[PDB]
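What follows is a set of notes on a single structure, which appears directly below.
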Amino acid sequence: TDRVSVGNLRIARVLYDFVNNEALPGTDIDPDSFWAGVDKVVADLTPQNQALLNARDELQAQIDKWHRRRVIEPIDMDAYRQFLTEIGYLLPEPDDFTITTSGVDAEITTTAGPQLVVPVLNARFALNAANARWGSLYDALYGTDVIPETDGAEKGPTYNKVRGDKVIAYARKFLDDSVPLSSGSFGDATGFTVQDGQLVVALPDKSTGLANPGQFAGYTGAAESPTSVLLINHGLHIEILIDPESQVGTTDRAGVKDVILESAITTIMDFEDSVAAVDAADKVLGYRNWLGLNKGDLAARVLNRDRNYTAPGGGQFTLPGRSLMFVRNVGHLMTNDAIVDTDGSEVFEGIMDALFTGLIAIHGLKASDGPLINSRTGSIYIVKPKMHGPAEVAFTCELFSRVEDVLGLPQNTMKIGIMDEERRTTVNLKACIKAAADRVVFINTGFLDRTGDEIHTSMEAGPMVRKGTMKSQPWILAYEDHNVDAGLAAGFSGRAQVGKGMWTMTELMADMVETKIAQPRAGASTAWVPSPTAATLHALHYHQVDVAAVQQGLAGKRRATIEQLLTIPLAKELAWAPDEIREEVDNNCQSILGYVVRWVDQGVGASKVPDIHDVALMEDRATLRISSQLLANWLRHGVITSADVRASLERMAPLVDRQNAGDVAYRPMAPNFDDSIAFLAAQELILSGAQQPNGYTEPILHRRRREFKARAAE
Ligand SMILES: O=C(O)C(=O)/C=C/OC(=O)c1cccs1
Ligand SMILES: [Mg+2]
Ligand SMILES: [Mg+2]
Ligand SMILES: [Mg+2]
């Protein structure tokens, strides 16, 4: 082969070279000792990794059997819980405790604000995300539907002053609401000056300062005609840029050019569900971008530097110019042929990611080319997705411990952001947090995966409600509150993030600004956004809502019961007309085809995908988990027939084809369906859905993408 032999391992040359030539230099880790470490960590932890996966299977088979042996229609909750407890699904709740995680940066312990997630394989998107710490509110408002495109205010190819004035007014109101003047409104400001370390705002008839002078954080330029004024509210910065000579500032009563918001406080660079990586070449592309980010030298145009300000008293200071970076590794399930053992068996990808993303993150703890890019406190921040229960969390912590030894890092350098996105984690959440009590930096409700797991776990119980109905079911509302309750009780306030899920509708920003405010109102110190634009707009919510106060008020409250968590989303009798069935079938077949065709044919794992009604959605692979499981569930219980499925797939394929008309590399699925690997992948996900472990889509998706790549090689 072309592989490199290290003990029992056979490592793809492209990976071996990348690590030796690019990742290792500058870390002071002995290369041979690194590789011996890899061989040993893989040998030592692989058995437990497999035992945990087998345990998921044993539990699911027992639950499957429990539903099948019973006829009683209304589920008996006392019996169901007793059962789950007996088999070891539902574990006892540990005594109260406080997390001890230390050496964590302020962006995580203290600051409440948006968290942006992007595919690590797209260098330009990663770079924009890293730079998304600051973003223009005017661009965010003018460019989206937050300012309605009513008659007269529609966007054209050139600047619409009517629309621009609405942008300015929206922003002035935000200022009054966030950093109130002692008297009057920012709407009537004519200028800004700094006198005796105090901000002075000129009104037409008078002058005034801030109602709370402490919100004045600094300025740039001369105190008597500053070029910008820096404010702070709820720990987040706001910067008013002053330039009468700008095309917007010329129209403005105070010569204001823009309002800049501190937006994406943190960013998660994603190796999991938003990317498609199925071999050594794909992993290396990902690792190389992550390396470029940590070394500060990624260029696709470059990483931003820190921002210089004058303090109110007159001294100099600096604020970070970049989003603090997490990396999301893959979870415990999949293997990847980047490394195989002597028998030819692939190595667990989660173990590999911990070794390589962790090695690479060392560069972010030291000076670039510039000061160090990432954690000044010395932490490496890893998001670990798709864990099922406390023993899997413990396994991840032990993995991190062993990697830390290989890398010569102090124990607990590698912190864990826990995804609460599987049912067995949800109902044992307190124990999961406890298992990582000295490493945990967040918990986050990954509601898409969680919905997928909800369907698969109770697959045998009966037909589930429609996909759109899931977001409002009792189980999910309880799941969201239970998550917050568990974090706060474990002492997360002031120590770790309590996070909520992704807003997926990229073009519906008026809707986002209107509804996503629910999340910090529910005590979430962060929530996910898919773009820098959405980060800037979501930042508005944290100025409107005092998350610290909200969390304080929620303390000690127990707002969800175990019974509510366990309420299966079974459809009621006679729930749907025949037309409603068909629309749901088409909805899910279109969602599957729309996502799968980009994944299999182009190796794209997140993008703006039009849904059946042409709404642009940007969802990771979990959306595929939901739709394929729901259709498998309906097929399993006689709601629809295999002919209904095939008919819908055949109906939706040409539509998806049309939706991709603006794409040079696209190739249509219709009408030669059986010649399209993507179409066959979509079909396989549905018809084999019930048989996939926990409904996971990766085994089929990865195989099909590999098949596609191999065909393209001929
Ligand atoms: O809910 C889940 O299962 C989860 O992992 C978070 C979902 O995020 C996404 O949809 C993304 C869209 C773009 C980047 S991530
Ligand atoms: Mg997920
Ligand atoms: Mg329904
Ligand atoms: Mg306030």
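Sequential numbering from 1, following the chain as shown.
The way this entry was determined, per its header, is X-ray crystallography, 2.0 Å.
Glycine too: its Cβ is placed from the backbone N, Cα and C atoms.
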Per Swiss-Prot, member of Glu404, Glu421, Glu422, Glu480 binding glyoxylate alongside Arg328, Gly446, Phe447, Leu448, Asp449: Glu421
Inter-residue Cα distance where the pair is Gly446 (glyoxylate binding site) and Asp620 (active site, proton donor), in Å: 11
Of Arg328, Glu421, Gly446, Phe447, recorded positions neighbouring ligand 2, Cβ under 6 A: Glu421, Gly446
Annotated recorded positions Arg328, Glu421, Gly446, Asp449, filtered by Cβ under 6 Å to ligand 1: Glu421, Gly446, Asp449
Non-site residues, in chain order, whose CB comes within 8 A of the mean position of the CB atoms of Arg328, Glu421, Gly446, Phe447, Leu448, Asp449 at glyoxylate: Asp273, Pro385, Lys386, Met419, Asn444, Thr445, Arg450, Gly501, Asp620, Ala622
Chain-internal residues near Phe447 (glyoxylate binding site), provided their CB is under 8 angstroms and they sit 6+ positions away: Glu421, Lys471, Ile476, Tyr479, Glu480, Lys500, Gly501
Pairwise CA distance, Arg328 (active site, proton acceptor) versus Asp449 (glyoxylate binding site), rounded so that it is a whole Å: 15
Cβ neighbours of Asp449 (glyoxylate binding site) where a neighbour is any other Cβ within 10 Å: 27
